[PDB]
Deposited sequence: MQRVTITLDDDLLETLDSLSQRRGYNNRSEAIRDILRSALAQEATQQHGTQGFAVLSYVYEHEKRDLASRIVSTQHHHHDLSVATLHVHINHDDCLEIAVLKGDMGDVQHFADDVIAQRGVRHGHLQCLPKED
């Protein structure tokens, strides 16, 4: 067993402690060691497949409604279908199911979320494997 010293800010530690107590850990190291185990295990996650793109945006702002649909049409091949739920008067929750090469999928995601007016962008890839 090796050792590693990290520096953490007060608020993070305050939440982490609140959690280590309740979740039944003897101390910070024990609790952090556990989060690492799960997190790294998820890193066991090739060129083609499907993907789920989630994100929230406001239809008005920079005419995003039109922009995001136009964008998706430029890559309509990669697009399978898009689910959309109106959450409030301004925001919209959208989920685009994508098919094709992961490279194209990665690019598609950027065209949609890496821009002003879009929040909570999330992309899960499901490669053929």
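Gaps without C-alpha coordinates occur at 46-48, 133, with positions taken along the deposited sequence from 1.
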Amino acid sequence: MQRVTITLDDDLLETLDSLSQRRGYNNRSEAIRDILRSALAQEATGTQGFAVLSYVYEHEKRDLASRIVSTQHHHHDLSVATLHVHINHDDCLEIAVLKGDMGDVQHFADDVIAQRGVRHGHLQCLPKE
From here on, numbers count along this sequence of modelled residues.
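Note on 58-66 vs 74-82: mean CA B-factor is higher in 58-66. Comparing the C-alpha B-factors of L93, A96, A31, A39 in the entry, the top value falls on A39. In the PDB entry, a CA B factor belonging to the lowest third of its chain's modelled residues is recorded for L123.
Ranked by C-alpha B-factor against the other modelled residues of its chain, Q115 falls in the lowest third. In this PDB entry, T15 carries a Cα temperature factor that places it within the middle third of its chain's modelled residues.
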